[PDB]
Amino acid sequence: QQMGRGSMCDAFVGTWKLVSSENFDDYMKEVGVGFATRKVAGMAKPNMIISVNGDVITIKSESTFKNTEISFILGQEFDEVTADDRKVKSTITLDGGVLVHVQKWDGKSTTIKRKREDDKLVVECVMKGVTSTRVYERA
């Protein structure tokens, strides 16, 4: 083994904690999440751990609602069971520095964008015309 070099995506790596959220209930309604799941999911303040190992990126969410972990290679579709229990087909790419995560299920699509802004990691969730913005800080 030699030590690999870094990458772009190193700006995302770390341990992050949710500090604010706007319009997440409306985003979840647009997605189709039911009432009791929305209420409990909307209270959560997860910790998100992002790591890279070679070509494989892992995003772990540790949450009082539902722990999740996804591992992927940019550009390469994978199966994902979301925190709210959708079975989706996901592809995550980089668009100029923004991680773009598209989920497809039941003929529907939603996109979750993740971007560094100052010391924060801003997450924009989009379903049709409804956007939610979630802001994470370093833990």
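In this text, residue numbers run from 1 along the sequence as written.
The stretch with the higher mean CA B factor, choosing between 20-28 and 7-15, is 7-15. Averaged over Cα atoms, the B-factor as recorded in the entry is higher for 102-110 than for the other of 102-110 and 70-78.
Which of 90, 93, 58, 64 has the largest Cα B-factor in the deposited entry comes down to 64. Sort the chain's modelled residues by C-alpha temperature factor and residue 52 lands in the middle third, per the entry.
Placement of the Cα temperature factor of residue 33 within the chain: lowest third of the modelled residues, per the deposited record.
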